[PDB]
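All remarks here apply to the structure that follows.
Letters A, B, ... mirror the listed sequences (proteins, then strands); counts begin at 1.
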Amino acid sequence: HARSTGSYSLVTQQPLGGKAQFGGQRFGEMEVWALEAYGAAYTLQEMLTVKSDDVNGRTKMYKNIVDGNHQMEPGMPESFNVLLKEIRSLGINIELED
Amino acid sequence: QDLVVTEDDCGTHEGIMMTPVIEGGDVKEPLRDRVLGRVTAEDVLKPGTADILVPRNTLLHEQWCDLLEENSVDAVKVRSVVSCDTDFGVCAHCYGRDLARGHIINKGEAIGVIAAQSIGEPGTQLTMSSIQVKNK
Amino acid sequence: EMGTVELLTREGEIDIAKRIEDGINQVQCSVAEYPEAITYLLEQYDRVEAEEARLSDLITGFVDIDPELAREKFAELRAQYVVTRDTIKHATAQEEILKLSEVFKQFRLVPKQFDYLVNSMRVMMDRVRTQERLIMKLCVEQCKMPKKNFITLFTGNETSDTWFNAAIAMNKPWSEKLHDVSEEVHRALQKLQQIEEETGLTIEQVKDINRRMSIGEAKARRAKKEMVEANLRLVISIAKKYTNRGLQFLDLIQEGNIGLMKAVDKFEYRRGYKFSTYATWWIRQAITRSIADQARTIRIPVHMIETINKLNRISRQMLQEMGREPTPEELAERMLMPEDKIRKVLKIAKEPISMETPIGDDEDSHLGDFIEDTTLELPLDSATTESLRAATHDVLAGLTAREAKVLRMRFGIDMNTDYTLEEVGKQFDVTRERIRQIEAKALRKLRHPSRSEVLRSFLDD
Amino acid sequence: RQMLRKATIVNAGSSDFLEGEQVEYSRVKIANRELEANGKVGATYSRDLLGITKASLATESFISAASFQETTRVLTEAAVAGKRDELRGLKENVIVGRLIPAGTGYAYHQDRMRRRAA
Amino acid sequence: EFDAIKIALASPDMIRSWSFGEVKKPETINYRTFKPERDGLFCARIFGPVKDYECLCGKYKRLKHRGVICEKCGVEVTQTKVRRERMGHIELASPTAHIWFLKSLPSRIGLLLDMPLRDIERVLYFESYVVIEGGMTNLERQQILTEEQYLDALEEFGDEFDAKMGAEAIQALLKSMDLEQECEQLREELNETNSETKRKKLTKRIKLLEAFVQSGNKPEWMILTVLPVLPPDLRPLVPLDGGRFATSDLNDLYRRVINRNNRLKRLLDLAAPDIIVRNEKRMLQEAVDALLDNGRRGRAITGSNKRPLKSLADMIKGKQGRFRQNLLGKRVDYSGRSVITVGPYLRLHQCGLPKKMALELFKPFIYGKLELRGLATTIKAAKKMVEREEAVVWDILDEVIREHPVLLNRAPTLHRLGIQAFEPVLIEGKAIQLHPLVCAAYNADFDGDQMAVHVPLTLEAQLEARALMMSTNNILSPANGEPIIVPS
Amino acid sequence: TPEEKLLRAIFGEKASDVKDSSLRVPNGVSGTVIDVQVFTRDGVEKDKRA
Amino acid sequence: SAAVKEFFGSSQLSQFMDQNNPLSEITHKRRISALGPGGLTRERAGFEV
RNA sequence: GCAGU
DNA sequence: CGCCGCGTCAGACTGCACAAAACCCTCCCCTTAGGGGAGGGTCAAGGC
DNA sequence: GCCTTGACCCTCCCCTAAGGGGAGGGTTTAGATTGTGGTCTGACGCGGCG
Ligand SMILES: [Mg+2]
Ligand SMILES: [Zn+2]
Ligand SMILES: [Zn+2]
């Protein structure tokens with residue numbers, strides 16, 4: 001089974017589960033430690049942002065791969081926005097400072 | 001996870017005194033596979049004194065370890081990350097060699113994840129009167 | 001906390017209901033001490049003589065519906081108002097007022113027009129308290145002094161500032177600072193005293209009427225509390241029959257408690273029926289209405305709830321008599337509704353699955369992570385859209401700037417809105433049908449296979 | 001090294017710590033350094049050995065600790081403490097989708113902390 | 001973009017500043033037409049439009065007028081994606097203690113008030129009174145009272161002293177307390193105490209009080225008077241294809257909270273007896289505490305499957321929470337998986353990749369090379385060409401994989417050599433051909449093992465696959481310096 | 001969108017009110033149809049195949 | 001009917017039959033299972049059971 | 001739940 | 001101090017199969033007529 | 001000998017107002033009804049009682 005792109009999940013915008021739902025392989029926690037043990041910071045970053053969750057970023061990635069330009073413009077993964085909205089639904093004020 | 005090699009040298013002079021692991025009557029790890037790849041913390045000198053066998057801040061690669069077993073030096077003070085003066089990280093000299101490449105480690109290596117994986121990878125291979133001198 | 005209240009006997013409910021009734025009719029006499037309410041009663045009585053509304057929600061009867069009692073004995077109260085309107089010539093008028101009260105004794109009043117009367121009385125209350133608090137904190141925001149020295153002179157004057165002549169006599173600076181207030185109370189201090197005699201009675205004695213009203217109403221509400229807190233076991237004994245029907249146990253007993261308070265303030269003991277038989281009707285109503293309203297995620301109305309319940313009951317009996325689940329085309333003929341109505345009712349009655357439902361008892365998976373987001377756009381379609389934008393931009397760059405801008409202006413290309421021919425007619429300084437022909441010109445030009453070979457591949461197969 | 005990462009102040013010295021409180025060892029070390037640079041004598045400490053769980057949960061970054069385990073305790077402690085997390089380790093930069101500060105993302109973070117400092 | 005993440009307590013002003021409207025009714029959607037109901041848990045006026053650039057009455061339908069608040073229905077005309085970002089709120093009729101700052105030990109309300117958690121749980125479950133102000137009376141400020149003791153105090157002292165029960169009382173105690181004064185008083189009685197246990201209690205209380213005074217927090221923000229409502233696209237009510245709906249447990253918990261809250265407002269308007277309003281305040285407290293953390297206080301609420309409802313705290317914690325399941329590891333595009341076989345003909349840097357896996361993993365690369373080389377006039381034409389699998393897309397596919405590494409991964413990835421890069425050699429099978437010498441690194445035998453293939457997209461990702469992770473760079477082990485690409 | 005609106009204006013192929021939701025063979029699967037069953041709800045008129 | 005129906009359809013011991021070959025069926029019918037309602041849980045069963 | 005590694 | 005009660009934790013990937021009623025009253029939706037507007041059909045003048 | 005710009009008239013389509021009807025929310029019922037329902041985990045750290 002293989003996918004380039006396809007259907008994404010509803011709450012988190014990550015790809016769906018398995019080859020019946022056209023899949024996407026879980027790049028889980030131990031594989032993230034594998035890419036952190038190498039210095040593969042960009043491979044890791046594109047596994048996090050523009051392959052799962054960066055909704056404005058994965059469409060840009062597709063249009064850049066198609067237009068011959070292998071470059072990413074990563075933003076914030078939508079799961080982190082789900083997390084900031086779920087922590088704020090408890091009585092807790094979590095923020096992003098600058 | 002957050003331990004990264006962030007410096008080239010903290011200039012410290014501390015370090016652990018590496019010796020061979022002798023459990024009772026027999027050796028279990030020689031000095032060679034214990035100091036190979038470390039940097040020395042002090043000048044290693046021959047049993048005949050006043051001539052430094054290995055200089056102070058030297059990386060002990062295989063030629064230097066062959067020099068340490070030509071002579072009979074059995075205790076080498078090496079530099080360790082537990083005695084690194086670097087705050088928020090570890091210097092590249094107190095770590096030593098990057099075991100996967102064979103040279104001194106680069107600045108930026110994520111050594112804590114490598115250490116944690118290297119310890120917990122063999123985890124599935126684990127489970128669940130008078131003295132008589134043996135030789136001369 | 002509930003078992004620590006003892007139940008009532010048959011005669012205990014009688015005593016409590018009579019306490020409630022005495023509180024409410026004495027507070028209704030307390031608003032009868034306020035004769036603007038008498039004027040309102042009598043003007044709606046003459047409107048009853050014109051039949052503005054029905055008598056049952058005017059009067060419930062009279063204690064020692066028949067309408068001929070009310071007409072002539074409201075005329076009797078009118079003669080009583082006659083003998084109290086002018087017989088003041090102020091020491092002899094103080095008997096006819098409690099005679100008014102105890103001749104008003106025999107009156108019954110309804111909830112809603114009495115609610116009009118008590119909201120008027122609460123306007124009276126708010127006016128009295130806001131004027132007395134104006135007196136309170138118009139002087140103490142100016143002065144620093146314990147104001148009991150200034151209340152000792154106020155009670156009884158009620159007409160003017162003659163009680164201010166001895167205010168300055170203390171000569172401690174408070175009444176010095178009150179110098180600067182001694183004027184701006186002006187249009188306050190008389191205006192209440194205006195309506196004082198439009199309702200006839202003195203501001204201090206209508207404050208006495210207000211506090212006697214509060215005493216009587218708290219007397220009524222105290223005895224409404226004893227009847228609710230005693231019958232709280234009835235609510236539980238009823239609500240245990242509705243337990244797994246969509247609401248928690250406590251939600252059912254709290255809605256039944258609301259129904260029991262409704263039964264208490266709608267109960268009258270003169271019918272001689274035991275209170276539990278009335279509260280049971282009201283508690284059943286409250287609990288079933290609550291289940292119909294707030295037990296479902298996608299809420300369906302109470303009429304569709306009754307329909308679904310009738311459907312489930314009928315299908316239950318049909319399954320019991322013929323040993324199989326009845327088809328909607330026989331379920332619709334045991335009922336008398338059309339078959340498609342039965343079909344839509346059966347489509348309605350389903351409750352939503354939880355997205356945390358594990359699939360095949362597999363805990364690491366759930367229903368929630370097989371549901372895709374269908375509203376998204378495929379990135380192939382995003383690339384198709386950007387490529388179509390580029391292709392359209394080039395094949396319209398292959399035209400005259402005037403007509404190319406006519407097409408970009410008539411459709412919404414490169415612009416937030418599209419424009420009809422009149423708009424651009426005002427814009428291009430050209431009459432409408434000419435630029436219509438310009439649009440047709442450019443469309444006929446682009447239909448050629450010269451430029452439209454790349455665009456045709458943006459059409460489906 | 002990651003286990004013996006905290007210290008307890010035995011003598012508060014001419015510093016802003018309290019006796020008997022558990023501080024990060026690097027914090028108290030650099031505070032003693034910058035105090036001794038100005039002549040004032042620094043604090044004296046006793047190092048602590050925490051378990052790998054009790055040291056993972058005691059990091060100065062609440063995102064890593066809340067991500068590890070006992071999310072509820074970590075988040076309440078961080079909330080009532082009014083904490084701040086500067087995304088300095090690797091997990092806080094994986095959570096937010098950034099380059100990790102190790103490897104080919106180490107130059108990026110050196111640029112980012114030498115240009116967001118001055 | 002941003003350099004830090006600050007966490008703090010949420011003021012009721014902060015909770016009302018996030019929100020775009022109050023959820024007054026428990027309505028989720030209308031049952032006949034699935035449009036969302038007004039003032040409800042799914043409210044297009046509160047939470048934003050349910051369709052892109054379209055108000056819910058359909059009067060405004062295009063982005064010609066965007067950002068327009070419709071007057072027939074109050075729905076803004078903007079993207080529907082704002083339903084993932086726009087929070088709402090609920091005005092609680094009674095102050096409600098936050099369960100996290102009451103029950104996660106050590107209790108912050110308890111540690112702050114110097115009060116045992118049994119006493120606080122008895123005060124805020126309406127089982128005892130507490131004297132929030134003593135006055136000229138022998139009653140101290142933390143002195144709990146029973147009901148009859150409170151009646152006796154009212155006999156002896158009257159309306160001078162102040163005593164309350166419930167979370168209103170706890171909120172008055174947290175509000176009336178002075179933090180810097182009590183902190184310096186505790187520092188005084190810590191300098192004069194030598195009992196080590198009392199010194200431990202005093203220093204933890206002092207660090208709590210000074211952590212409150214150094215941050216912007218106030219203590220009474222630990223008692224919820226306003227409650228936030230998660231955006232409705234994060235607790236979605238979605239129609240399954242079979243006509244049935246599928247909701248999150250958060251809608252059930254929010255709907256319970258709003259039902260009990262509106263009933264409490266009802267009872268407070270009806271002037272109900274104190275038994276009923278006390279029971280309703282207790283029910284609202286336990287419904288809010290089941291919304292925040294289900295099962296933390298007593299029995300978990302279970303709905304309609306006899307399985308406990310997943311609360312807000314359960315969304316973010318555990319092995320199935322956001323933090324571990326969606327943020328540290330995640331499902332990933334451009335990823336395939338298949339069985340591994342030997343392929344002993346390979347070089348150390350090569351894997352065998354099935355043509356039918358590599359044609360899907362590299363689909364946008366092939367679309368772009370078909371557009372570029374003129375073989376397709378469009379991306380739709382290129383998509384149809386890849387779909388029909390013409391003879392030219394295989395030449396294009398041989399072009400696009402030439403020096404393009406892929407990462408091969410065998411889970412469990414025990415160490416970093418469980419992910420290595422390889423240049424793909426297109427084979428005709430359906431199984432990956434993994435070089436023999438790397439098997440010991442993966443702990444992979446060919447008895448049914450499967451491996452995932454990932455495509456590095458960017459030039460940085462390709463250059464890390466080639467420079468850092470390629471299997472020719474990985475011939476020593478990082479645990480010990482010995483060879484791991486070793487014959488077998 | 002306005003661009004495909006112009007595309008409809010030029011070529012004239014008006015889009016259809018229906019969407020193709022047909023059942024297709026899954027990718028990679030290749031075989032023979034050996035049985036077809038049609039279950040029709042009572043009241044729905046049966047097609048020629050049923 | 002609901003008790004019997006949920007037992008037969010959605011219990012842990014009422015399992016989708018393994019029907020690969022005759023042996024799969026004949027050894028799925030002779031199966032014994034310590035798990036199930038009234039039995040163990042596979043995560044909290046020690047080394048000795 | 002049942003299997004595969 | 002000893003002890004009891006309570007909270008936290010327990011590998012990673014894959015498939016497979018999957019989930020009371022009756023009467024009143026107002027309000028919103030469906031239907032239809034209308035009216036305005038917005039193109040569409042077929043010519044009358046110079047200009048090309 | 002062949003192209004624009006109006007010109008007038010014709011035709012259909014979308015928004016608006018109203019009317020009928022289904023729907024949906026509301027109020028009231030008076031023989032007595034008085035306190036509801038799994039246990040199959042062990043290890044470790046901590047914190048309050050006693
Ligand atoms: Mg194997
Ligand atoms: Zn060092
Ligand atoms: Zn609108």
Find every protein N or O atom lying less than 3.5 Å from an N or O atom of nucleotides 19-27 of chain I, and list the pairs.
| residue | atom | partner | partner atom | Å |
| --- | --- | --- | --- | --- |
| I:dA19 | OP1 | C:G360 | N | 2.7 |

Atom pairs, N/O to N/O, protein against nucleotides 6-11 of chain I, distance under 3.5 Å?
| residue | atom | partner | partner atom | Å |
| --- | --- | --- | --- | --- |
| I:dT8 | OP1 | E:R296 | NH1 | 3.1 |
| I:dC9 | OP1 | D:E70 | N | 3.0 |
| I:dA10 | OP1 | E:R324 | NH1 | 3.2 |
| I:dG11 | OP1 | E:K319 | NZ | 3.1 |

Atom pairs under 3.5 Å: protein N/O with N/O of nucleotides 36-40 of chain J:
| residue | atom | partner | partner atom | Å |
| --- | --- | --- | --- | --- |
| J:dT36 | OP1 | C:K240 | NZ | 3.1 |
| J:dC40 | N1 | G:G39 | O | 3.2 |
| J:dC40 | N3 | G:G39 | O | 3.1 |

Please tabulate the protein-to-nucleotide N/O contacts below 3.5 Å involving nucleotides 36-39 of chain I, giving atom names and distances.
| residue | atom | partner | partner atom | Å |
| --- | --- | --- | --- | --- |
| I:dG39 | OP1 | C:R410 | NH1 | 3.1 |
| I:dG39 | OP1 | C:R410 | NH2 | 2.5 |
| I:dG39 | OP2 | C:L421 | N | 3.2 |
| I:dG39 | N7 | C:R432 | NH1 | 3.1 |

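The salt bridge (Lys or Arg N to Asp or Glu O under 4.0 Å) search around E:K198 returns E:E189, not counting sequence neighbours.
A salt bridge is defined here as a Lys NZ or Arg NE, NH1 or NH2 lying under 4.0 Å from an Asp or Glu carboxylate O, and C:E13 with C:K274 fails to meet this definition.
Base pairing annotation: J:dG38 forms no Watson-Crick or G-U wobble pair, as no partner gives both donor-acceptor distances under 3.5 Å. In a base pair of the Watson-Crick type (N1 to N3 plus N6-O4 or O6-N4) or a G-U wobble (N1-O2 and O6-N3), with each distance short of 3.5 Å, I:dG11 is matched with no nucleotide.
One axis for each end of the helix from I:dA20-J:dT29 to I:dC48-J:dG1, each built from five base pairs, and the angle between them comes to 40° at 10° resolution.
Distance, C:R434 CZ to J:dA7 P: 13 Å, rounded to whole Å.
C:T280 has no side-chain polar atom (N or O) that falls below the 4.0 Å cut-off from OP1 or OP2 of J:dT33.
When distances are taken from the side chain of C:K441 to each of J:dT4, J:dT34, H:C2, the shortest belongs to J:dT4. Comparing I:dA17, J:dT29, I:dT14 by their nearest atom to the side chain of E:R331 picks out I:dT14.
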